[PDB]
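Text of model29.pdb (PDB, C-alpha atoms) as supplied:
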ATOM      1  CA  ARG A   1      48.554  -5.428-244.161
ATOM      2  CA  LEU A   2      45.412  -3.988-242.688
ATOM      3  CA  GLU A   3      46.941  -1.788-240.014
ATOM      4  CA  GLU A   4      49.096   0.025-242.559
ATOM      5  CA  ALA A   5      46.107   0.579-244.807
ATOM      6  CA  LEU A   6      44.326   2.147-241.880
ATOM      7  CA  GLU A   7      47.224   4.477-241.081
ATOM      8  CA  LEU A   8      47.170   5.533-244.737
ATOM      9  CA  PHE A   9      43.475   6.053-244.672
ATOM     10  CA  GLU A  10      43.779   8.409-241.686
ATOM     11  CA  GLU A  11      46.556  10.349-243.352
ATOM     12  CA  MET A  12      44.401  10.569-246.500
ATOM     13  CA  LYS A  13      41.408  11.986-244.644
ATOM     14  CA  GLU A  14      43.676  14.382-242.710
ATOM     15  CA  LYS A  15      44.954  16.098-245.848
ATOM     16  CA  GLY A  16      41.344  16.387-246.977
ATOM     17  CA  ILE A  17      41.047  13.883-249.816
ATOM     18  CA  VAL A  18      37.868  12.070-250.850
ATOM     19  CA  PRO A  19      37.848   8.336-250.184
ATOM     20  CA  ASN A  20      36.659   6.136-252.959
ATOM     21  CA  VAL A  21      34.133   3.304-252.716
ATOM     22  CA  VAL A  22      37.055   0.948-253.411
ATOM     23  CA  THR A  23      39.143   2.089-250.493
ATOM     24  CA  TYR A  24      36.057   1.729-248.384
ATOM     25  CA  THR A  25      35.068  -1.718-249.567
ATOM     26  CA  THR A  26      38.588  -3.036-249.007
ATOM     27  CA  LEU A  27      38.742  -1.520-245.546
ATOM     28  CA  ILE A  28      35.424  -2.984-244.553
ATOM     29  CA  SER A  29      36.543  -6.363-245.879
ATOM     30  CA  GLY A  30      39.744  -6.371-243.866
ATOM     31  CA  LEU A  31      38.046  -5.158-240.739
ATOM     32  CA  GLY A  32      35.363  -7.791-241.207
ATOM     33  CA  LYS A  33      37.755 -10.698-241.590
ATOM     34  CA  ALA A  34      39.697  -9.312-238.698
ATOM     35  CA  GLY A  35      36.543  -9.902-236.680
ATOM     36  CA  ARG A  36      36.483  -6.330-235.425
ATOM     37  CA  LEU A  37      32.851  -5.747-236.350
ATOM     38  CA  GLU A  38      31.849  -2.460-234.796
ATOM     39  CA  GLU A  39      34.748  -0.619-236.427
ATOM     40  CA  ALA A  40      33.482  -1.864-239.769
ATOM     41  CA  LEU A  41      30.211  -0.352-238.665
ATOM     42  CA  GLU A  42      31.548   3.175-237.920
ATOM     43  CA  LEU A  43      33.068   2.936-241.385
ATOM     44  CA  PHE A  44      29.741   1.895-242.868
ATOM     45  CA  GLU A  45      28.182   5.011-241.317
ATOM     46  CA  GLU A  46      30.886   7.277-242.720
ATOM     47  CA  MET A  47      30.274   5.529-246.014
ATOM     48  CA  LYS A  48      26.507   5.820-246.174
ATOM     49  CA  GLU A  49      26.677   9.425-244.850
ATOM     50  CA  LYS A  50      29.290  10.527-247.391
ATOM     51  CA  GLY A  51      26.838   9.149-249.957
ATOM     52  CA  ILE A  52      29.000   6.310-251.225
ATOM     53  CA  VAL A  53      27.163   3.416-252.848
ATOM     54  CA  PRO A  54      28.397   0.053-251.410
ATOM     55  CA  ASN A  55      29.050  -3.148-253.358
ATOM     56  CA  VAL A  56      27.830  -6.651-252.725
ATOM     57  CA  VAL A  57      31.032  -7.273-250.736
ATOM     58  CA  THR A  58      30.407  -4.634-248.061
ATOM     59  CA  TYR A  59      27.002  -6.119-247.523
ATOM     60  CA  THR A  60      28.156  -9.709-247.445
ATOM     61  CA  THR A  61      31.043  -8.998-244.995
ATOM     62  CA  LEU A  62      28.756  -7.130-242.677
ATOM     63  CA  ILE A  63      25.964  -9.653-242.643
ATOM     64  CA  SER A  64      28.412 -12.525-242.138
ATOM     65  CA  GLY A  65      29.939 -11.007-239.063
ATOM     66  CA  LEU A  66      26.523  -9.790-237.860
ATOM     67  CA  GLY A  67      25.148 -13.298-238.051
ATOM     68  CA  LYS A  68      28.022 -14.877-236.190
ATOM     69  CA  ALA A  69      27.564 -12.134-233.590
ATOM     70  CA  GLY A  70      23.956 -13.286-233.227
ATOM     71  CA  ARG A  71      22.664  -9.888-234.213
ATOM     72  CA  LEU A  72      20.017 -11.375-236.447
ATOM     73  CA  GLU A  73      17.483  -8.577-236.547
ATOM     74  CA  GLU A  74      20.091  -6.088-237.692
ATOM     75  CA  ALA A  75      21.693  -8.488-240.144
ATOM     76  CA  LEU A  76      18.248  -8.873-241.546
ATOM     77  CA  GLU A  77      17.731  -5.115-241.717
ATOM     78  CA  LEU A  78      20.820  -5.000-243.857
ATOM     79  CA  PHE A  79      19.740  -7.885-246.015
ATOM     80  CA  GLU A  80      16.451  -6.175-246.823
ATOM     81  CA  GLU A  81      18.113  -2.790-247.396
ATOM     82  CA  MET A  82      20.606  -4.358-249.753
ATOM     83  CA  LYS A  83      17.725  -5.940-251.591
ATOM     84  CA  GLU A  84      16.116  -2.479-252.009
ATOM     85  CA  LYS A  85      19.306  -0.927-253.429
ATOM     86  CA  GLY A  86      19.109  -3.734-255.986
ATOM     87  CA  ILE A  87      22.172  -5.577-254.739
ATOM     88  CA  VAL A  88      21.708  -9.263-255.468
ATOM     89  CA  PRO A  89      22.945 -11.434-252.526
ATOM     90  CA  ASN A  90      25.303 -14.339-252.851
ATOM     91  CA  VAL A  91      25.523 -17.764-251.258
ATOM     92  CA  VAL A  92      27.282 -16.509-248.099
ATOM     93  CA  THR A  93      24.651 -13.949-247.213
ATOM     94  CA  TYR A  94      21.968 -16.589-247.411
ATOM     95  CA  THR A  95      24.049 -19.199-245.555
ATOM     96  CA  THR A  96      24.927 -16.839-242.687
ATOM     97  CA  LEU A  97      21.291 -15.851-242.586
ATOM     98  CA  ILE A  98      19.686 -19.274-242.523
ATOM     99  CA  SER A  99      22.403 -20.520-240.122
ATOM    100  CA  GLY A 100      21.423 -17.690-237.824
ATOM    101  CA  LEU A 101      17.672 -18.196-238.350
ATOM    102  CA  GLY A 102      18.049 -21.847-237.449
ATOM    103  CA  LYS A 103      20.186 -21.124-234.397
ATOM    104  CA  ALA A 104      17.280 -18.753-233.586
ATOM    105  CA  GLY A 105      14.556 -21.359-234.118
ATOM    106  CA  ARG A 106      12.807 -19.152-236.677
ATOM    107  CA  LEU A 107      12.618 -22.100-239.016
ATOM    108  CA  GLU A 108       9.883 -21.299-241.532
ATOM    109  CA  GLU A 109      11.532 -17.993-242.404
ATOM    110  CA  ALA A 110      14.799 -19.878-242.951
ATOM    111  CA  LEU A 111      12.776 -22.189-245.186
ATOM    112  CA  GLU A 112      11.413 -19.319-247.236
ATOM    113  CA  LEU A 113      14.962 -17.978-247.568
ATOM    114  CA  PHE A 114      16.147 -21.303-248.929
ATOM    115  CA  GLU A 115      13.321 -21.431-251.450
ATOM    116  CA  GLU A 116      14.090 -17.841-252.442
ATOM    117  CA  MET A 117      17.811 -18.526-252.819
ATOM    118  CA  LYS A 118      17.028 -21.483-255.066
ATOM    119  CA  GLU A 119      14.546 -19.214-256.910
ATOM    120  CA  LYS A 120      17.230 -16.553-257.587
ATOM    121  CA  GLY A 121      19.310 -19.386-259.028
ATOM    122  CA  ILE A 122      21.817 -19.491-256.163
ATOM    123  CA  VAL A 123      23.588 -22.746-255.231
ATOM    124  CA  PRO A 124      23.139 -24.104-251.705
ATOM    125  CA  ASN A 125      26.147 -25.721-250.089
ATOM    126  CA  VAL A 126      27.139 -28.343-247.519
ATOM    127  CA  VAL A 127      26.841 -25.721-244.805
ATOM    128  CA  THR A 128      23.437 -24.455-245.945
ATOM    129  CA  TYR A 129      22.376 -28.057-246.189
ATOM    130  CA  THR A 130      23.651 -29.531-242.951
ATOM    131  CA  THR A 131      22.294 -26.468-241.191
ATOM    132  CA  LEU A 132      18.862 -26.722-242.692
ATOM    133  CA  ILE A 133      18.590 -30.480-242.148
ATOM    134  CA  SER A 134      19.850 -30.273-238.588
ATOM    135  CA  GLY A 135      17.299 -27.513-238.102
ATOM    136  CA  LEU A 136      14.417 -29.640-239.359
ATOM    137  CA  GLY A 137      15.404 -32.658-237.339
ATOM    138  CA  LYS A 138      15.854 -30.618-234.193
ATOM    139  CA  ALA A 139      12.309 -29.339-234.534
ATOM    140  CA  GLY A 140      10.943 -32.854-234.999
ATOM    141  CA  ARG A 141      10.166 -32.333-238.665
ATOM    142  CA  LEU A 142      11.966 -35.553-239.524
ATOM    143  CA  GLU A 143      10.114 -36.172-242.735
ATOM    144  CA  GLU A 144      11.222 -33.029-244.462
ATOM    145  CA  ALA A 145      14.700 -33.438-242.967
ATOM    146  CA  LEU A 146      14.773 -36.661-244.893
ATOM    147  CA  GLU A 147      13.612 -35.262-248.213
ATOM    148  CA  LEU A 148      16.169 -32.509-247.937
ATOM    149  CA  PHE A 149      18.869 -34.953-247.096
ATOM    150  CA  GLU A 150      18.107 -36.921-250.207
ATOM    151  CA  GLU A 151      18.020 -33.907-252.471
ATOM    152  CA  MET A 152      21.283 -32.781-250.858
ATOM    153  CA  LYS A 153      22.926 -36.033-251.962
ATOM    154  CA  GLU A 154      21.145 -35.577-255.326
ATOM    155  CA  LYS A 155      23.340 -32.567-255.914
ATOM    156  CA  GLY A 156      26.436 -34.510-255.048
ATOM    157  CA  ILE A 157      26.986 -32.798-251.702
ATOM    158  CA  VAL A 158      28.661 -35.031-249.151
ATOM    159  CA  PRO A 159      26.995 -34.780-245.721
ATOM    160  CA  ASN A 160      29.137 -34.946-242.613
ATOM    161  CA  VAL A 161      28.672 -36.632-239.248
ATOM    162  CA  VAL A 162      26.081 -34.118-238.000
ATOM    163  CA  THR A 163      23.391 -34.782-240.602
ATOM    164  CA  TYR A 164      23.840 -38.430-240.007
ATOM    165  CA  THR A 165      23.833 -38.512-236.221
ATOM    166  CA  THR A 166      20.789 -36.268-236.191
ATOM    167  CA  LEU A 167      18.815 -38.266-238.698
ATOM    168  CA  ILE A 168      19.690 -41.613-237.126
ATOM    169  CA  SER A 169      18.795 -40.356-233.666
ATOM    170  CA  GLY A 170      15.427 -39.182-234.949
ATOM    171  CA  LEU A 171      14.729 -42.394-236.871
ATOM    172  CA  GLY A 172      15.776 -44.365-233.806
ATOM    173  CA  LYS A 173      13.441 -42.481-231.533
ATOM    174  CA  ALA A 174      10.782 -42.847-234.194
ATOM    175  CA  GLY A 175      10.970 -46.618-234.441
ATOM    176  CA  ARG A 176      11.867 -46.715-238.144
ATOM    177  CA  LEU A 177      14.758 -48.991-237.285
ATOM    178  CA  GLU A 178      15.240 -50.430-240.745
ATOM    179  CA  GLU A 179      16.055 -47.175-242.475
ATOM    180  CA  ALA A 180      18.160 -46.010-239.536
ATOM    181  CA  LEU A 181      20.096 -49.154-240.230
ATOM    182  CA  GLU A 182      20.639 -48.761-243.992
ATOM    183  CA  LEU A 183      21.696 -45.188-243.161
ATOM    184  CA  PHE A 184      24.146 -46.426-240.575
ATOM    185  CA  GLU A 185      25.648 -48.653-243.181
ATOM    186  CA  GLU A 186      25.735 -45.928-245.838
ATOM    187  CA  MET A 187      27.431 -43.568-243.438
ATOM    188  CA  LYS A 188      30.089 -46.180-242.797
ATOM    189  CA  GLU A 189      30.524 -46.686-246.581
ATOM    190  CA  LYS A 190      31.815 -43.133-246.688
ATOM    191  CA  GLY A 191      34.237 -43.963-243.932
ATOM    192  CA  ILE A 192      33.058 -41.586-241.191
ATOM    193  CA  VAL A 193      33.137 -42.575-237.516
ATOM    194  CA  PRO A 194      29.694 -42.710-235.898
ATOM    195  CA  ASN A 195      28.836 -40.802-232.735
ATOM    196  CA  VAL A 196      28.257 -42.264-229.239
ATOM    197  CA  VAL A 197      24.621 -41.182-229.558
ATOM    198  CA  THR A 198      24.147 -43.145-232.770
ATOM    199  CA  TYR A 199      25.511 -46.280-231.226
ATOM    200  CA  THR A 200      23.517 -46.097-228.028
ATOM    201  CA  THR A 201      20.198 -45.197-229.720
ATOM    202  CA  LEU A 202      20.763 -47.963-232.260
ATOM    203  CA  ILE A 203      21.498 -50.612-229.690
ATOM    204  CA  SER A 204      18.509 -49.377-227.672
ATOM    205  CA  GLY A 205      16.122 -49.816-230.583
ATOM    206  CA  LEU A 206      17.784 -52.970-231.839
ATOM    207  CA  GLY A 207      17.408 -54.299-228.339
ATOM    208  CA  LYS A 208      13.782 -53.407-227.820
ATOM    209  CA  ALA A 209      12.932 -55.485-230.895
ATOM    210  CA  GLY A 210      13.859 -59.005-232.027
TER     211      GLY A 210
END
Would you write out, as structure tokens, the structure that this file holds?
Amino acid sequence: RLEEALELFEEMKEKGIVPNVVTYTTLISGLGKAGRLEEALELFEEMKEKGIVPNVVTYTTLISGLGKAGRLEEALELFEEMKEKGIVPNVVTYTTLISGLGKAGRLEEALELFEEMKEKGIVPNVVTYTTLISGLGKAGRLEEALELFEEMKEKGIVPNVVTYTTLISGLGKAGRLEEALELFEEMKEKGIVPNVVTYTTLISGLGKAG
């Protein structure tokens, strides 16, 4: 009921009443999910200016939408600022961040973020994983992409088609046909349908040998 809440908020302000950090955090959350970013920004400015101290939720909602927007430098600004004010970031902040840093080809920083997130005792997820592995493979760092795949399984996370297609394509280009094979089999074991790219690269390598 976000539009009603807003009407109420305007009526509140009009009769000269002080907004509370809670009314602000909920408004920023609703505006953020509603995908209407900039409005959530105006509200962040009223909030900072009126001296209200934001929670971890205002920061996470903003950085999530900021990342999807592709406004990485700003999202980062926030992330750092939040860190200063002692607000300890959750899994989503990190995920949106590394997802954006990967989409931005700023890999090693995304790496550092992952190591930091693990250091702060945060739990990486299937999104943080598939994104980091796809990032490593896309940059030709196949070896690491592998290690990370393995450790991702080691934590019981089930990869999806992307991590597979990317690794198999890389292994196929690389000439490590045997592993690309066991991996093809393993990815069938889990019942997922392979991609056209996997098939063609596989037949191409399988063909060029034996």
Nearest to residue 141 (chain A) by atom-to-atom distance, counting all atoms listed in the file, from A:67, A:170, A:121, A:16: A:170
Return as an MDAnalysis selection string the set of residues that the PyMOL selection byres ((chain A and resi 130) around 8) yields on the displayed structure. chainID A and resid 126:129 131:134 159:160 162:163
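Minimum atom-to-atom distance to residue 178 (chain A), evaluated using all atoms listed in the file, belongs to A:209 out of A:155, A:96, A:209, A:139.
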Name the residues that the PyMOL selection byres ((chain A and resi 190-204) around 10) picks from the file above, as a PDB file with C-alpha atoms, keeping the file's coordinate frame, using the file's chain letters and numbers.
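Listed below is the output, selection_37.pdb:
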ATOM      1  CA  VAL A 158      28.661 -35.031-249.151  1.00  0.00           C
ATOM      2  CA  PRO A 159      26.995 -34.780-245.721  1.00  0.00           C
ATOM      3  CA  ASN A 160      29.137 -34.946-242.613  1.00  0.00           C
ATOM      4  CA  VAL A 161      28.672 -36.632-239.248  1.00  0.00           C
ATOM      5  CA  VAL A 162      26.081 -34.118-238.000  1.00  0.00           C
ATOM      6  CA  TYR A 164      23.840 -38.430-240.007  1.00  0.00           C
ATOM      7  CA  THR A 165      23.833 -38.512-236.221  1.00  0.00           C
ATOM      8  CA  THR A 166      20.789 -36.268-236.191  1.00  0.00           C
ATOM      9  CA  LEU A 167      18.815 -38.266-238.698  1.00  0.00           C
ATOM     10  CA  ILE A 168      19.690 -41.613-237.126  1.00  0.00           C
ATOM     11  CA  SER A 169      18.795 -40.356-233.666  1.00  0.00           C
ATOM     12  CA  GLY A 170      15.427 -39.182-234.949  1.00  0.00           C
ATOM     13  CA  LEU A 171      14.729 -42.394-236.871  1.00  0.00           C
ATOM     14  CA  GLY A 172      15.776 -44.365-233.806  1.00  0.00           C
ATOM     15  CA  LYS A 173      13.441 -42.481-231.533  1.00  0.00           C
ATOM     16  CA  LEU A 177      14.758 -48.991-237.285  1.00  0.00           C
ATOM     17  CA  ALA A 180      18.160 -46.010-239.536  1.00  0.00           C
ATOM     18  CA  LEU A 181      20.096 -49.154-240.230  1.00  0.00           C
ATOM     19  CA  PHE A 184      24.146 -46.426-240.575  1.00  0.00           C
ATOM     20  CA  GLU A 185      25.648 -48.653-243.181  1.00  0.00           C
ATOM     21  CA  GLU A 186      25.735 -45.928-245.838  1.00  0.00           C
ATOM     22  CA  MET A 187      27.431 -43.568-243.438  1.00  0.00           C
ATOM     23  CA  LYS A 188      30.089 -46.180-242.797  1.00  0.00           C
ATOM     24  CA  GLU A 189      30.524 -46.686-246.581  1.00  0.00           C
ATOM     25  CA  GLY A 205      16.122 -49.816-230.583  1.00  0.00           C
ATOM     26  CA  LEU A 206      17.784 -52.970-231.839  1.00  0.00           C
ATOM     27  CA  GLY A 207      17.408 -54.299-228.339  1.00  0.00           C
ATOM     28  CA  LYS A 208      13.782 -53.407-227.820  1.00  0.00           C
ATOM     29  CA  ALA A 209      12.932 -55.485-230.895  1.00  0.00           C
TER      30      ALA A 209
END
Report as number ranges by chain the residues that result from applying the PyMOL selection byres ((chain A and resi 23) around 12) to the structure here. A: 2, 5-6, 8-10, 12-13, 17-22, 24-30, 43, 47, 52, 54-55, 58
Just give me the gap between CA of residue 34 (chain A) and CA of residue 110 (chain A) in Å, one decimal is fine.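 A separation of 27.4 Å between them.
Reported to one decimal place, the separation of CA of residue 91 (chain A) from CA of residue 123 (chain A) is 6.7 Å.
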Computed interatomic separation between CA of residue 137 (chain A) and CA of residue 77 (chain A) (Å): 28.0 Å
Just checking: using all atoms listed in the file, which residue out of A:109, A:80, A:11, A:150 ends up closest to residue 59 (chain A)? A:80
Residues at most 9 Å from residue 94 (chain A), counting all atoms listed in the file, excluding those fewer than 2 positions away in the same chain, as a PDB file with C-alpha atoms, in the coordinates of the input?
ATOM      1  CA  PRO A  89      22.945 -11.434-252.526  1.00  0.00           C
ATOM      2  CA  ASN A  90      25.303 -14.339-252.851  1.00  0.00           C
ATOM      3  CA  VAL A  91      25.523 -17.764-251.258  1.00  0.00           C
ATOM      4  CA  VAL A  92      27.282 -16.509-248.099  1.00  0.00           C
ATOM      5  CA  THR A  96      24.927 -16.839-242.687  1.00  0.00           C
ATOM      6  CA  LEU A  97      21.291 -15.851-242.586  1.00  0.00           C
ATOM      7  CA  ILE A  98      19.686 -19.274-242.523  1.00  0.00           C
ATOM      8  CA  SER A  99      22.403 -20.520-240.122  1.00  0.00           C
ATOM      9  CA  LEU A 113      14.962 -17.978-247.568  1.00  0.00           C
ATOM     10  CA  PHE A 114      16.147 -21.303-248.929  1.00  0.00           C
ATOM     11  CA  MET A 117      17.811 -18.526-252.819  1.00  0.00           C
ATOM     12  CA  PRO A 124      23.139 -24.104-251.705  1.00  0.00           C
ATOM     13  CA  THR A 128      23.437 -24.455-245.945  1.00  0.00           C
TER      14      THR A 128
END
Kindly provide, as an NGL selection string, the polymer residues lying within 7 Å of (26.1, -8.2, -244.6), counting all atoms listed in the file and using the coordinates exactly as they appear in the file. :A and (58-64 or 66 or 75 or 78-79 or 93)
Mind rebuilding region 105-126 of chain A with N, CA and C atoms and writing that out as an mmCIF file, keeping the file's coordinate frame?
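Result file result_27.cif:
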data_model
loop_
_atom_site.group_PDB
_atom_site.id
_atom_site.type_symbol
_atom_site.label_atom_id
_atom_site.label_comp_id
_atom_site.auth_asym_id
_atom_site.auth_seq_id
_atom_site.Cartn_x
_atom_site.Cartn_y
_atom_site.Cartn_z
ATOM 1 N N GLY A 105 15.813 -20.626 -234.101
ATOM 2 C CA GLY A 105 14.556 -21.359 -234.118
ATOM 3 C C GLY A 105 13.414 -20.690 -234.859
ATOM 4 N N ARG A 106 13.768 -19.788 -235.777
ATOM 5 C CA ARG A 106 12.807 -19.152 -236.677
ATOM 6 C C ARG A 106 12.821 -19.902 -238.004
ATOM 7 N N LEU A 107 12.398 -21.159 -237.937
ATOM 8 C CA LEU A 107 12.618 -22.100 -239.016
ATOM 9 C C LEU A 107 11.933 -21.704 -240.304
ATOM 10 N N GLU A 108 10.619 -21.496 -240.279
ATOM 11 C CA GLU A 108 9.883 -21.299 -241.532
ATOM 12 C C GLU A 108 10.397 -20.126 -242.348
ATOM 13 N N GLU A 109 10.909 -19.093 -241.680
ATOM 14 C CA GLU A 109 11.532 -17.993 -242.404
ATOM 15 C C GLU A 109 12.819 -18.477 -243.075
ATOM 16 N N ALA A 110 13.589 -19.308 -242.377
ATOM 17 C CA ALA A 110 14.799 -19.878 -242.951
ATOM 18 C C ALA A 110 14.433 -20.712 -244.170
ATOM 19 N N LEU A 111 13.295 -21.391 -244.085
ATOM 20 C CA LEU A 111 12.776 -22.189 -245.186
ATOM 21 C C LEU A 111 12.536 -21.300 -246.381
ATOM 22 N N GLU A 112 11.705 -20.281 -246.178
ATOM 23 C CA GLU A 112 11.413 -19.319 -247.236
ATOM 24 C C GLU A 112 12.689 -18.780 -247.876
ATOM 25 N N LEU A 113 13.682 -18.449 -247.052
ATOM 26 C CA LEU A 113 14.962 -17.978 -247.568
ATOM 27 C C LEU A 113 15.592 -18.997 -248.484
ATOM 28 N N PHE A 114 15.576 -20.265 -248.083
ATOM 29 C CA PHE A 114 16.147 -21.303 -248.929
ATOM 30 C C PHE A 114 15.390 -21.378 -250.250
ATOM 31 N N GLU A 115 14.068 -21.320 -250.204
ATOM 32 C CA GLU A 115 13.321 -21.431 -251.450
ATOM 33 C C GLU A 115 13.582 -20.226 -252.342
ATOM 34 N N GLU A 116 13.826 -19.079 -251.717
ATOM 35 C CA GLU A 116 14.090 -17.841 -252.442
ATOM 36 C C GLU A 116 15.439 -17.950 -253.126
ATOM 37 N N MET A 117 16.443 -18.350 -252.354
ATOM 38 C CA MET A 117 17.811 -18.526 -252.819
ATOM 39 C C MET A 117 17.872 -19.479 -254.002
ATOM 40 N N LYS A 118 17.170 -20.601 -253.907
ATOM 41 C CA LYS A 118 17.028 -21.483 -255.066
ATOM 42 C C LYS A 118 16.308 -20.765 -256.222
ATOM 43 N N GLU A 119 15.329 -19.919 -255.887
ATOM 44 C CA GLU A 119 14.546 -19.214 -256.910
ATOM 45 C C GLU A 119 15.405 -18.200 -257.684
ATOM 46 N N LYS A 120 16.335 -17.546 -256.981
ATOM 47 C CA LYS A 120 17.230 -16.553 -257.587
ATOM 48 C C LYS A 120 18.375 -17.232 -258.313
ATOM 49 N N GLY A 121 18.326 -18.566 -258.343
ATOM 50 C CA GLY A 121 19.310 -19.386 -259.028
ATOM 51 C C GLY A 121 20.643 -19.463 -258.307
ATOM 52 N N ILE A 122 20.613 -19.342 -256.983
ATOM 53 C CA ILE A 122 21.817 -19.491 -256.163
ATOM 54 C C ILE A 122 22.025 -20.972 -255.753
ATOM 55 N N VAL A 123 23.275 -21.355 -255.530
ATOM 56 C CA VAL A 123 23.588 -22.746 -255.231
ATOM 57 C C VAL A 123 23.809 -22.984 -253.736
ATOM 58 N N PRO A 124 22.967 -23.835 -253.133
ATOM 59 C CA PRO A 124 23.139 -24.104 -251.705
ATOM 60 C C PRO A 124 24.341 -24.992 -251.513
ATOM 61 N N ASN A 125 24.964 -24.918 -250.349
ATOM 62 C CA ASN A 125 26.147 -25.721 -250.089
ATOM 63 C C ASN A 125 26.049 -26.602 -248.853
ATOM 64 N N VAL A 126 27.068 -27.432 -248.655
ATOM 65 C CA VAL A 126 27.139 -28.343 -247.519
ATOM 66 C C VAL A 126 26.823 -27.669 -246.184
#
